[PDB]
Every structure is written in structure tokens, then in C-alpha cells.
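Read the structure below first, then the notes.
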Ligand SMILES: OC[C@H]1O[C@@H](c2c[nH]c(-c3ccc4ccccc4c3)n2)[C@H](O)[C@@H](O)[C@@H]1O
Ligand SMILES: OC[C@H]1O[C@@H](c2c[nH]c(-c3ccc4ccccc4c3)n2)[C@H](O)[C@@H](O)[C@@H]1O
Ligand SMILES: O=c1[nH]cnc2c1ncn2[C@@H]1O[C@H](COP(=O)(O)O)[C@@H](O)[C@H]1O
Ligand SMILES: O=c1[nH]cnc2c1ncn2[C@@H]1O[C@H](COP(=O)(O)O)[C@@H](O)[C@H]1O
Ligand SMILES: *Cc1c(COP(=O)(O)O)cnc(C)c1O
Ligand SMILES: *Cc1c(COP(=O)(O)O)cnc(C)c1O
């Protein structure tokens with residue numbers, strides 16, 4: 001059909017059709033007369049997977065012969081989504097498979113919709129891991145993703161009576177054709193036990209053993225014939241485990257529970273034992289694998305051959321585990337082992353929210369990992385000795401910088417352990433990296449200024465342009481060719497088309513087609529009727545007080561009250577769509593979902609409103625729903641309180657896909673606005689500086705309520721039961737929080753938000769100028785490619801050169 | 001190499017080699033330089049599985065078009081063993097795969113040794129199920145095996161210090177290439193709840209739902225291109241299950257535990273809830289499948305289209321479940337539903353041991369299956385009304401025949417439920433079926449004499465001759481051709497070779513080769529040195545008091561005491577091998593293993609004995625060890641107390657493979673002796689009649705101890721610590737049982753056993769006459785083919801004609 005989807009050669013199509021029928025027969029043991037769409041999806045998945053195998057074996061072979069420096073990306077989360085379309089895109093197979101499926105009488109797009117998301121992450125951090133794997137493969141880096149093969153990923157979200165219900169994400173029920181079990185590379189992981197001290201040093205004894213079985217998933221680079229590995233560990237019990245008889249076999253599940261379920265909290269630490277077991281399990285199995293590979297290339301060369309990147313503190317135990325292996329098992333002296341550990345490890349910080357920072361109780365580490373606690377205390381003593389020598393007499397600094405926090409319960413500050421044990425610490429957007437140096441890590445910065453870097457986040461333009469928005473990919477490729485897909489900076493060439501009438505028409509046409517296709521998707525799968533000629537106002541991201549879905553709710557209720565006051569006045573029609581999951585135990589996030597649906601129940605059924613205002617809660621927001629709604633969006637809502645959103649990556653997805661942004665100067669929004677120009681961005685609200693000034697004098701919500709009549713009306717509607725007729729007091733927790741305990745200062749940004757939202761409506765009245773501003777955004781989105789991000793990690797942290805040069809086919 | 005293994009055509013071998021390299025690359029994602037024997041076994045397994053697929057799809061297709069009567073074999077146990085060699089044998093692929101593997105530089109026999117046994121049974125009953133599936137496929141019957149896909153089969157047996165230790169049989173760790181998951185045919189199974197009575201009859205409500213997911217394994221017939229299905233159910237939780245959040249996901253394991261582990265008791269009932277859940281789970285999922293198939297062919301035709309065979313009482317709930325579906329869901333009247341149920345169901349009884357008969361407490365059925373208890377009580381009332389009408393005033397008969405047993409706890413007698421609900425009840429050897437009519441089922445026989453049949457057990461000559469003993473298969477095929485493999489009665493033609501010198505030499509040569517090959521297997525895998533010129537005295541079967549391993553131990557200690565008394569006299573050298581697992585909770589069986597190893601520790605290290613007497617405990621006796629030792633045996637020990645071994649099938653395996661039998665007139669031993677001639681069999685001991693006569697007057701073990709000096713010496717050796725120097729009283733439980741509480745009358749058969757064992761030694765001194773007696777046994781083993789057994793089930797119970805006619809290829 002379209003050029004960027006590759007060639008449909010006669011030999012290629014014939015060969016794909018024959019392998020599809022071979023897999024249907026031999027692999028699936030189905031004849032054509034009883035095969036379901038699911039059988040057809042699986043036959044296609046096996047057929048495309050076949051094109052990976054040769055490339056995967058050769059790539060791993062090449063890394064054994066060349067022995068380059070190896071990058072190990074340790075994450076507890078990989079938010080992968082679907083693999084089929086991504087594999088076809090990266091192997092240039094998409095048009096050939098479309099053609100081959102069409103000739104067998106099937107619709108490939110309908111087969112793609114059958115694949116389950118690999119939902120092994122919560123949101124931004126897990127999805128950053130997935131974008132990074134794709135960029136590392138595209139840039140020809142000898143990179144490995146290491147994590148946990150959770151049996152249940154992020155829960156499926158159902159809305160029942162406007163409330164979130166959670167269902168188990170049984171993503172493996174029908175099998176995973178993309179993973180290969182490697183039961184032969186199964187490794188032991190130790191828990192509990194005690195430390196004996198001998199003449200020959202410390203010994204960890206009387207441990208419980210859990211086996212880690214690896215599952216390898218291929219990670220294809222963009223048309224470079226490179227296929228890297230994501231290795232995920234599954235927990236298995238040993239066969240002597242608990243070995244009356246029946247109960248001993250049934251109790252094997254205590255051990256296998258380690259890899260059973262992803263913790264579903266975004267930016268919230270829960271100090272549970274099972275979570276600490278998950279953290280050690282991935283770190284222990286992964287470091288044995290790293291060391292095995294290194295010994296098949298003394299430990300002085302380890303950091304020339306190994307980089308370990310820590311995705312937040314979740315795998316921070318990699319630092320004491322590497323010390324334990326180097327000191328206790330390899331018998332290196334402390335100082336040499338520490339040198340190797342620091343040069344090997346690098347720490348990416350993703351948050352400043354205090355309740356998200358990992359602080360493990362000592363009694364927990366004492367029971368589960370006694371030797372790691374000893375090594376952590378030893379790290380702390382030698383670290384505090386360097387602090388004392390550099391800042392003599394500064395006793396408050398010693399208390400603040402300690403890895404051990406004193407109090408009710410002693411805690412380990414895992415962030416402090418990562419800075420001490422890493423040669424590089426980075427934040428994930430320039431303002432976030434500046435805030436790390438000025439606030440939470442100020443003391444560490446003053447000791448070791450050299451460790452602190454910025455690596456601004458990015459997104460892969462493969463999944464987030466070519467895959468989700470082929471029509472936009474194509475009109476761009478019509479003008480400037482295909483090269484931009486692996487060199488996004490080339491999109492700047494689009495600034496010379498900002499006054500080209502045909503290009504303006506094509507950009508608006510693709511947006512309109514994406515909106516029709518998504519409006520129809522809503523009708524088919526969830527029986528809801530939306531005006532496709534309305535402005536698509538989209539806020540999709542996890543439900544969080546800091547992301548201020550509530551600020552958006554206040555705007556929606558304002559528009560509603562303005563329509564009801566002046567029913568017969570023109571307003572730009574909007575479809576306001578909000579989606580995201582709340583953590584199951586996060587009461588306020590569950591109330592916010594319920595408020596969103598309750599506003600919808602009132603606004604969507606008022607005949608005076610008509611099709612001028614619609615409020616839709618998008619159910620089960622996940623990677624595959626993001627691929628559908630983001631290409632359909634006109635307005636991107638990035639409205640976090642200044643200083644709370646470390647980066648965001650949603651923001652980038654929307655910029656790439658032809659939506660204008662309304663946002664605060666938070667996270668990468670600052671850099672997006674700098675790249676596009678402030679005049680091409682709907683910036684409103686407090687800067688970081690303004691929030692600090694408000695904090696010094698005290699945030700009084702009552703002040704905003706007394707001075708803004710439009711705001712007081714909304715709070716009185718909420719209180720009195722305007723939106724909950726049967727349960728008048730349903731939303732009292734929301735009102736009470738907005739009036740007395742709002743950490744994120746929702747009212748402080750209300751006036752400037754509504755005014756700025758009026759400026760959005762005004763520009764939307766002028767299609768041509770709206771589209772010209774969209775072109776200025778797409779044209780300057782190049783910086784926000786994960787290829788740029790990874791090239792910066794490679795050069796400035798890992799010490800390796802990226803390469804766009806192809807392996808042979 | 002040998003003819004019965006089929007042709008190695010040039011095109012066939014070339015094609016197998018190419019598919020083996022295709023599977024190594026594409027399926028296993030290995031290059032030849034890192035592949036292990038396990039990778040090579042898997043590549044071969046995938047290559048042979050490919051030859052099944054076409055035949056499997058066509059067979060199932062043929063059954064849909066022809067719509068023949070369908071046979072459903074319901075068993076809680078299928079003791080399958082390894083699949084690779086069996087598949088090759090049945091598809092005539094063995095020589096072609098040997099050749100193809102040889103040319104790729106691999107040894108196929110070494111690859112076969114890598115396959116795990118499917119150990120989803122305890123012993124004879126589970127293995128009878130497996131032999132039956134093979135015969136049903138060979139006789140072209142539209143037959144389905146239905147059971148449970150246990151995650152852990154019968155435990156792996158380790159001997160540590162002469163004691164049995166159990167290890168979890170993790171048979172699925174490396175994957176099962178033979179099964180195909182069918183997650184699309186997943187069915188709900190209900191537990192707990194309560195019964196509401198409405199106007200429209202009884203309703204089972206507020207149940208817990210467990211999902212049953214089927215896994216299909218192919219069952220190939222012998223070169224007839226027929227491939228039947230064994231369908232095994234796995235327990236899965238629904239996704240709303242328990243739906244704080246984390247614990248709800250972890251608690252999914254309560255539901256999935258149903259299919260986790262095979263109960264490891266042979267001939268011992270344990271009334272545990274988890275076991276009752278296993279029984280309902282297979283019956284509920286299976287009857288929904290049977291009914292779905294039937295409705296794609298009113299219920300008057302059900303029994304013309306459906307036979308359900310119950311493998312003992314373990315699936316007895318099939319009877320009330322079919323009533324429940326027919327009465328509660330299909331709305332048939334009681335009498336019509338009952339007619340259909342009786343004509344559909346048939347019950348095979350396998351035991352008379354009281355502690356093996358299933359008697360479920362009512363409080364258990366009341367909680368778990370409330371509606372099935374109501375239906376069982378209703379069955380009992382109408383059954384007892386027919387008993388009362390036939391035997392008016394016979395109130396004791398009413399109490400004895402009741403499905404409900406009164407007492408401390410009310411129990412359901414599941415055997416009584418099966419006779420009432422079945423058109424046919426059979427035992428498994430003629431003497432066993434006679435004992436059913438005279439003792440435990442006398443009352444039922446007098447009511448419905450027509451229901452009671454014999455179907456003498458058999459073994460498949462595919463696994464138990466061609467597969468395990470190719471050299472014997474071949475010398476037979478040299479004289480009489482290959483036809484006997486699917487018509488074992490043809491072995492009678494071997495009686496015309498009983499005086500042929502060349503055939504005598506070939507039979508003795510194959511036995512000698514099998515003994516060398518097994519002696520070498522012992523040395524490699526378990527570092528033990530055996531005289532291959534000795535008589536191989538083998539007792540392999542589950543460890544049980546009724547099977548009298550202890551009688552054998554007394555003989556071994558007698559030979560030892562006779563050697564020590566007269567060291568310089570000639571005795572026929574023996575290797576005495578005993579193997580079998582004890583149920584983990586069966587104290588006395590664990591002591592017997594320990595006694596066997598303790599005798600070995602004394603006998604094997606006495607320099608005066610030399611290589612004249614060896615006692616070996618064969619570790620981890622299972623189907624794959626039976627395939628090795630049974631072809632190596634000279635003497636088969638079948639020494640159960642008369643009336644206790646319902647049939648036995650080991651006995652038959654050994655008769656087929658060229659061992660003479662020493663045994664009691666028990667089980668199929670009676671029929672084996674009748675077929676071969678009493679003069680060609682080492683018969684000793686009490687008949688059933690003699691045991692009864694002893695029971696009437698009282699079994700006094702002291703009488704035998706007072707009169708047999710050789711016996712008194714052994715009991716004094718056992719007591720005093722001759723065999724346990726460090727723990728003098730180790731075996732007091734054994735002595736105490738033999739002297740005061742022996743239900744199986746070990747001493748009563750001692751004298752006649754030793755005398756008969758002297759007759760065995762005497763014939764072994766004359767190789768030619770030993771071999772001539774072996775030929776008379778092999779020659780008359782035809783009756784004991786499972787093809788004969790299944791043809792009898794088909795004609796006399798199921799109402800279908802077997803067929804040896806091939807499906808097209
Ligand atoms: O850099 C990628 C994105 O990372 C997000 C993040 C920070 N912390 C977490 C997180 C996730 C899971 C956690 C689980 C347990 C404990 C803390 C946990 C913190 N996620 C951050 O909010 C967003 O601005 C960035 O764009
Ligand atoms: O007909 C095949 C063979 O079946 C054997 C049998 C009888 N009962 C059981 C058994 C097995 C498992 C059980 C599990 C639970 C409760 C009772 C259980 C009874 N197994 C029988 O001893 C042998 O003579 C026959 O040759
Ligand atoms: O001893 C070896 N000989 C040849 N190739 C090897 C050897 N060890 C590893 N390789 C190759 O290196 C790849 C990577 O293995 P890994 O690094 O252990 O995951 C393997 O799949 C092989 O292709
Ligand atoms: O509706 C149908 N059309 C054609 N073939 C069918 C149909 N239903 C079942 N079959 C065939 O019958 C086989 C047995 O299916 P089962 O009896 O449901 O396990 C299937 O695998 C098909 O080959
Ligand atoms: C990109 C993405 C996110 C992160 O979005 P933010 O707006 O940065 O919070 C979360 N969830 C999914 C499914 C995503 O694709
Ligand atoms: C045949 C067989 C049995 C049954 O043997 P019996 O001597 O009849 O008890 C038990 N276990 C295995 C592994 C078998 O192959």
C-alpha cells in the first residue's frame with residue numbers, strides 16, 4: 001500500500017504464504033476449516049518469528065567473536081506492548097505480510113488486534129526501558145535487557161458503575177510465541193541464611209535456594225539485521241524443595257510467587273518482602289550471567305567489558321551483590337572490588353517524590369540478605385569517612401548523606417547507595433537533573449560534581465510514528481525520504497513546508513483520518529458516539545494527584561457551567577478523553593476516576609450541551625490503546641505541577657503525532673517548548689520558582705476559592721451532590737483535599753489554565769494556522785528520539801560508539 | 001540394522017536430516033556449535049512429531065464425517081513413559097531416524113535416554129490405561145483417553161543410607177513436545193455452592209469456578225495411520241478470581257493446585273478433599289466435552305454414540321454428573337436420564353483390598369458437591385426399592401447393598417454407585433472376576449447377574465516386545481514374519497521351533513545380550529558390578545505387603561545362610577534384583593526397602609559368598625527402567641498371596657520377554673500357567689481355597705517359626721541386629737508384624753517357595769532345557785496382548801467392531 005512499509009516482492013509473498021500454511025498445519029495442528037482468527041494470528045506470529053532466528057543467532061555469534069563492551073540494562077519493568085507489527089516494521093516485512101495475508105483471504109490488521117500487550121510495567125519507566133532496547137538494537141550496541149518474566153503484568157482495568165475494578169492480566173494464557181525458554185541456563189538465587197566469619201573471610205550459609213530460569217525475547221534493530229536479547233527470569237523451586245509429601249509439592253508455590261505478579265504502583269514505594277525478593281532475584285541471576293559471559297572473554301578489565309545501567313533504585317542491590325561476588329567468592333580485596341563496582345555501575349534517577357524513593361527497613365534486609373546488609377554498612381562507613389575528610393566538622397552533612405536513616409525504624413536509602421556505588425548519576429530531563437543538584441542530591445553533587453549528568457528521555461520513532469501513524473510517516477517520507485526514521489533530527493527539513501498548501505492539507509487529512517478511525521474504534525469496542533469534527537482533548541497517563549487529572553476536571557466543569565449559563569453562544573466543540581489506571585490501594589486516584597465518569601454521566605446526557613462537549617473515560621489505558629488514541633489527539637494535556645514530572649514521555653509521543661501541547665514548564669515540556677518555540681506551545685501556570693515562593697509563605701486554597709467565583713461554583717457543585725445525586729457526599733474527600741491538603745496546588749494554576757484553554761479553542765477556529773503550528777511541532781520533535789538519548793548514554797556513560805552500519809542478512 | 005524397525009529409504013533419510021536441522025535452527029534457536037544432546041533429542045522429537053500431524057488431523061476429521069460410536073476411557077492415571085521410540089515404531093520410522101541421526105554424527109539411543117517418562121500413574125492401573133490407548137488406536141476405535149495433566153507425576157525415588165527419599169517429578173521443566181495446549185476449549189468446573197429448589201426443578205448456585213484447559217497428546221496406532229487423542233485437563237483460575245490486590249493474584253494457586261500433583265498411593269484410599277476435587281474436575285470437564293461432540297452429531301441415541309469406561313471408582317462421579325446434566329440442565333425426567341446413564345457407563349473393578357476401596361465421607365460431598373449428594377441419595381432410594389422387591393424381608397441385604405454406609409461417619413461406597421449406574425461390571429482376570437461374584441459383590445451379582453463380566457488384562461506387544469527387546473522381536477520375525485506384532489496369537493507358530501537348535505541358540509543369545517547390556521547400564525549409571533552369567537532373579541512392582549517382597553527377602557537370607565553353612569558347595573549363582581517405590585506415608589513399605597538394602601550391605605560384602613549371590617535394589621523403578629530390566633530377566637517373581645493380586649501385568653511383560661515365572665495361583669498367573677502348561681511354570685503355595693481354610697481356623701505364624709529351623713534362624717538374625725549392627729532393633733516392626741499381624745501369611749508359603757526356588761536353580765543348570773521352557777512361554781503369551789483385551793471390551797461392553805484396516809497416509 002504505502003512506501004515506508006517496504007516491498008511486497010512476488011517471491012517474498014509466495015514464501016510467507018507457504019510458511020503461514022506450514023505453521024497452521026505443523027505448529028498449530030489446525031486445518032483451515034476449524035481455524036479461528038486466533039489460530040491465524042499465531043500462524044502469522046510463527047512465520048515472522050522465523051525471519052528473526054538467523055539474525056538473532058548471527059548477532060549473538062558476532063558479539064562472541066568481536067567481544068565488544070556489553071551493556072546490561074537492569075529494570076524491574078519492561079512495558080513492551082505487542083511484538084508482531086514492531087518485528088515486521090524493523091525487518092521491512094509489513095507490506096509483504098499484508099499482501100501474503102490478503103491473498104489467503106485474511107485482514108492482517110484484525111490479526112494484530114488479537115495479540116496481548118506484554119504489560120510488564122506501570123507506565124513511563126517501564127516504557128522507557130522498552131524504547132531504550134529498540135534504540136540500543138538500532139544503534140548496534142551489544143545490549144541486554146534483564147528483568148523478571150511476571151506471570152501477571154499490570155492489571156486489566158474494568159469500569160463498573162464508574163469505579164475501577166482490577167482483573168488479573170493473564171497475558172500468557174494462549175502462550176507467548178516471542179519468548180524462548182532457556183531452562184539449560186537456570187541459575188540458583190539465595191535467600192535468608194546467616195553469615196559465618198572464617199580465616200578465609202565471610203561465608204553466606206544455610207540459605208534457601210530459588211532457581212531463576214531465563215526466557216529470551218528477541219529485540220530487532222531498525223533494518224540493520226541486529227537482534228539483541230531481553231532476558232527475563234522466572235522463579236522455579238528446586239526438586240528437593242521441602243523434601244507431608246503432597247503439602248511439600250504444593251508449597252513449591254511459595255518460591256515461584258517471586259515472579260508471579262508485577263507490583264502495580266507508579267511512583268509509590270511499598271516496603272513489602274515479596275518486592276525485595278523480586279529486586280534481589282533479578283540482580284542475583286543477572287550478575288551470575290554477566291560474570292559467566294565476562295570469564296569466556298583479571299577483574300581490572302571488568303569495567304572495559306561491562307556497563308550495568310540501573311533503571312532507578314529497583315536493582316540497587318546489584319552494587320552490594322557485585323561486591324559480595326568480588327570480595328567473598330573471587331577473593332579480591334575491598335578497595336579493588338569497589339573500584340571495579342563504581343566503574344561498572346551507573347544510576348538513572350527518575351523521581352523526586354518522597355513517597356516513591358526506596359527506603360528499605362534494616363530488619364527486612366537483616367532477615368533476607370544478611371551479608372548484603374554487612375556490605376552496605378561497610379560501604380556507608382568508608383563513604384562517610386570520605387565525607388568527613390572533605391567537610392571536616394560538618395556533622396549534619398554526615399547524618400544527611402548516610403546510607404542508613406535513623407528513627408522509629410532504621411532504613412537503607414537505596415538512592416544514597418546508588419550514588420556512592422556509581423561512576424555516573426543522571427536525571428531524565430534538564431530541569432529534573434538541575435533539581436537533583438539543587439535539592440535532594442545537593443550534598444552528593446558538592447562531594448562528586450563529576451558524577452552528575454542529564455540524559456533527557458526520548459521515545460522510539462519506530463513504534464511511536466511508523467507503527468502507530470503510518471499515514472503521517474508516509475506524507476513525511478513523500479517530501480524528505482525514509483532516512484528520518486533512524487535520524488529523527490531530519491524532521492527539521494519539514495520547516496521548509498510550513499507554507500506549502502499541499503503539505504498543510506495532507507497533515508490535516510491524516511489527523512482527520514486518525515480521528516475517524518478512533519471514533520469508529522470507540523463505537524465498535526465500547527458503544528459510545530463521538531463528534532469526529534470536535535477538538536480531541538486527551539490526557540492519558542497513570543492516575544496521580546501530581547499529574548492533576550483534577551485540574552482537567554475543573555476545566556471540563558467550567559466549560560459545562562459556561563454552556564449552561566449561555567446555552568445559545570458558539571463554543572469550539574470538544575471531546576475530552578481521560579484515561580489511565582490507578583494503583584489498586586490508591587484511594588484518591590480511585591475517587592478521581594469516579595469523578596471523571598460522574599462528570600461524563602451529567603455532561604454527556606444534558607440535551608442543552610448537544611455534541612458541543614463530551615467527557616470519555618478511556619478504559620484499560622495501555623501501550624496498544626496509546627498507539628490508537630495518540631495519533632487521533634489534537635490537544636496533549638501535560639499539566640503536572642512544576643517540579644513533579646521528572647520528564648514525561650507521553651508528551652513526546654503526542655508532539656511526534658501532530659497534537660499541540662497545553663502544559664506547565666515541567667519535565668521535558670521545557671525542552672519541547674525550547675525546540676518548537678514558546679509561541680508554538682500552550683505554556684501556562686507556576687514555574688518551579690513560583691511553587692517554591694508559594695511554599696515559603698504557605699498554600700492557602702481558601703484564597704483562590706474566595707477570589708474566583710467560577711471556582712467556588714464548581715466546589716459547591718461537588719460538595720452539594722450536583723454530580724452524585726443518590727450519594728450527596730460521595731466526593732467530600734476530593735473537596736476536603738483541594739481545600740486543606742493539596743500538595744500539588746490545583747487551585748493555584750486554575751485561572752491561567754482556563755485562560756490558556758480559551759487560547760487553544762481560538763486557534764482551533766483557524767484550521768490552517770492550527771495545522772501550521774502542528775507542522776512547527778512535528779518538525780522540531782527530533783531531539784525526543786530515544787536514538788539521541790541512547791547515543792548520549794553510550795558516549796558519556798558507557799564508553800561505547802553507536803553504529804548505523806548493517807550486519808549481513 | 002534389523003527388519004521389524006522398517007525401511008531407511010534414501011529420500012526418507014535425506015528429508016529427516018533436513019527437518020532435524022530446520023527444527024534445530026528455527027524451533028530451538030541453536031547453532032550446531034552450542035547444541036547439547038538435549039537440543040538434539042528435542043530436534044529429533046519435533047521432526048518425528050511432524051509425521052504425526054497429518055495423520056492426527058485426518059483421523060479426527062474421519063471421526064467427524066463417519067460419526068462412529070465414541071469410547072471415552074476415564075482414568076485418574078495414564079502411565080505413558082517415553083513417547084519418542086513408541087511414535088517411531090508405530091510410524092515405521094525407527095531405522096530411517098537411526099540412519100538420519102547416524103549421518104549427522106549422533107547416536108539415537110543416547111538421545112532417547114534424554115526423554116523424561118510421563119509418570120502420570122502409580123503402577124499397574126495407570127500403565128493398563130496406557131496399553132489400552134495404544135490397542136484402541138491399533139484396532140481403529142474412535143477412542144479418547146481423558147485424565148488430568150498433573151504438573152508432578154509419581155515422585156523420583158532416591159535411596160539415601162538404604163532409605164527411600166522422594167523428589168518432585170518436574171517432568172515439564174524442559175517442555176513436553178508431544179502435548180498441544182488447546183486453551184480455546186477451556187471449560188468451567190463448579191465446586192461448593194448450595195442447591196435451590198424452584199418450580200423448574202433443582203438449581204446449583206453460588207459455586208466457585210475452576211477452569212479446565214485441555215492438553216491433547218497424539219496416540220498413534222501400529223502402522224494403520226490412526227492417531228487418537230489423550231486429552232488431559234489443567235486447572236486454571238478465572239481472571240475475576242478473588243477480584244488486597246497482590247494476595248488475590250497469589251491466591252490463584254489454591255484453584256490451580258487441583259492439577260498440581262498425582263496422589264502417590266497404589267491400592268490405598270486416602271479420603272482427602274484435594275483428591276475428591278481431582279475426581280470431580282476430570283469428570284465435569286470430560287462430560288461437557290462428550291456432550292458437545294454428541295450435539296454436533298434426542299438423548300435416546302446418546303448410548304448408541306457414547307461409551308464411558310470407568311477405570312475403577314476414581315471417576316465414579318461421572319454417573320451422578322451425567323444425571324445432573326441430563327435432569328437439571330437438559331430437563332429429561334429421572335427414569336429416562338437413568339436409562340441413558342446405565343447404557344452409557346461401564347465399571348472396571350481392579351481391587352478387593354478393603355483399604356483401597358473408595359468410601360467418601362458424606363460431610364465432604366455435602367460441602368463440595370451438594371447436588372451430587374442429593375442425586376446419589378435419590379439413586380440409592382430407587383436402587384434399594386428394586387432390592388426390596390426382588391428380596392422381600394431381606395433387611396440385612398438392604399444394609400449391605402446400600403450406597404450409604406452407616407457408622408461413626410456416614411460414607412458413600414463408590415463401588416456400589418458404579419454397579420448400580422453401569423450396564424457392565426468387569427474384573428481384570430478370571431479368578432478376580434470369580435472372587436467378585438462370590439465375595440465383595442455377591443449381593444449385586446444375585447440381583448443383576450447379566451452385568452458381571454471378565455476382561456483379563458493385557459500388555460501392548462509394541463512397547464513391551466518390539467520397542468524394549470528388538471533382538472527378540474527380530475529372531476521371531478525371522479521365522480514367522482512381522483504379522484504377530486498386531487496379532488500376538490501368531491506366536492503359537494513358535495511351538496514348531498522348540499526342538500530347532502538354531503532357534504534355541506538365538507533365544508539364549510538375545511537373553512545373554514540383554515543381560516550384558518543391562519549389567520553395563522548398572523555400572524555406568526550406578527557404579528555396581530554384577531556377574532552377567534548369574535540367574536537374573538527380578539521382582540519389580542510397587543512395594544506392598546500383599547506382593548510379599550518380604551517372602552523374597554526370606555529366600556535371599558536362606559540362600560546366604562546355606563552358603564555360609566556349606567561355603568565350598570556349588571550353588572547356581574544369582575543376581576537378585578528388587579525394585580519399586582513405596583507410597584511416602586506407607587511406613588512398612590519404607591522398612592521393606594531398608595531391609596532389602598540392609599541384606600545387600602551384608603550379602604554383597606561377604607568374601608565367602610563371592611559372585612555367587614548379589615542383592616541389588618533397583619532405584620526409581622518406572623516405565624523406562626521396566627523397558628531395560630524386563631528383557632534382561634531370567635526369573636519373574638509373582639509371589640502375591642492367593643486372592644490379593646487382581647491380575648498383575650508385570651507377569652505378562654516378563655512372559656513375553658523370555659523369563660520363566662515363579663508365582664502363586666493369583667491373578668493372571670492362573671491363565672498364564674493354563675496357556676503355557678503347569679509343567680512350564682514354577683507354581684507354589686496356597687491356592688485361594690487354602691488361604692480361606694487357614695482364615696477359618698486362624699493364622700498362627702508361631703506354628704511355622706516352631707517347625708522350620710531355617711525360618712527361626714532368619715527371624716533371630718532380624719531381631720538380634722545381624723543386618724543392622726549399629727541399630728540392633730531397626731527391624732522389630734517387621735519381625736513383630738510377621739509373628740503377630742501378617743494379613744498376607746508370608747510364613748505359610750515359605751517352605752513351598754524355597755523348594756520351588758531349588759527346582760528353578762536345577763533347571764537353570766541345564767541351559768538347553770531352560771531355553772526350551774522359555775520358548776514354550778513366549779509361544780503361548782499371545783492371549784496377554786491388550787489387543788485381545790480391547791477387542792473383548794469393544795464386542796462385549798462398548799458394542800463396536802475393531803478393525804485392522806489402514807486409514808490412507
Ligand atoms: O523516566 C521515565 C519516566 O519515569 C517516571 C517514573 C519515576 N518513578 C517511577 C516509578 C515507577 C515504578 C515504581 C515502583 C516502585 C517504586 C517506585 C517506582 C517509581 N516512574 C516519571 O514519573 C516520568 O516523569 C518519567 O518520564
Ligand atoms: O488392572 C491393572 C492393575 O490394577 C492394580 C490396581 C488395583 N487398584 C489399584 C489402585 C491404584 C491407584 C489407586 C489410587 C487411589 C485409591 C485406590 C487406588 C487403587 N491398582 C492391581 O493391583 C493389579 O493387580 C492390576 O494388574
Ligand atoms: O564455546 C563457544 N563456542 C562457540 N560459540 C559460542 C561459545 N560460547 C558462546 N558462543 C556463542 O555466543 C552466543 C552467546 O551466548 P551467551 O553470551 O552465553 O548468551 C551463543 O549462543 C553462541 O552463538
Ligand atoms: O464444524 C465443523 N466443520 C468441519 N470440521 C469440523 C467441525 N467440527 C469439528 N470438525 C472436525 O472434527 C475434529 C474433531 O473435533 P472435536 O471432536 O471437537 O475435538 C476437528 O478438529 C475438525 O477436524
Ligand atoms: C508513554 C506511556 C506512559 C507514560 O506517559 P506519561 O504521560 O509520561 O506519564 C504511560 N503509559 C503508557 C501505556 C505509555 O505508552
Ligand atoms: C507394568 C508395570 C507395573 C505393574 O506391575 P505389577 O507387577 O503387575 O504390579 C508397575 N510399574 C511399572 C513401571 C510397570 O511398567
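Easy rule for this one: first residue shown is 1, then count along the chain.
Placement of Cβ uses the backbone N, Cα and C atoms for every residue, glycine included.
Between the listed residues B:569, B:653, B:783, Swiss-Prot assigns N6-(pyridoxal phosphate)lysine to B:653, with no corresponding entry for the rest in that record. Most Cβ neighbours within 10 Å, among the recorded positions B:144, B:215: B:144 holds that distinction in the structure as shown.
In sequence order, B:458, B:459, B:460, B:463, B:464, B:649, B:786 are the residues near residue B:131 (site 'Involved in the association of subunits'), counting only same-chain partners six or more apart with C-beta under 8 A.
Taken residue by residue with DSSP, residue B:131 (site 'Involved in the association of subunits') is part of a helix. According to DSSP, residue B:720 (phosphoserine) sits within a helical segment. Comparing residue B:215 (phosphotyrosine) with residue B:144 (site 'Can be labeled by an AMP analog'), their Cα atoms are 13 Å apart once rounded. Look at the Cβ of each of the modified residues B:3, B:402, B:486, B:719, B:720 and count the other Cβ atoms within 10 Å; the largest number goes with B:486. When secondary structure is read from DSSP and collapsed to three states, residue B:97 (site 'Involved in the association of subunits') falls in the helix class. Using a 10 Å Cβ-Cβ cutoff, residue B:445 (phosphotyrosine) registers 17 neighbours. A strand conformation is recorded for residue B:144 (site 'Can be labeled by an AMP analog') in the three-state DSSP classification. The recorded positions recorded for this entry are B:144, B:192, B:445, B:486, and the Cα of B:445 lies nearest to that of residue B:720 (phosphoserine).
Put simply, of the modified residues B:402, B:486, B:719, the one whose Cα is nearest the Cα of residue B:3 (phosphoserine) is B:486. The CA atom of residue B:402 (phosphoserine) is located 14 Å away from the CA atom of residue B:445 (phosphotyrosine).
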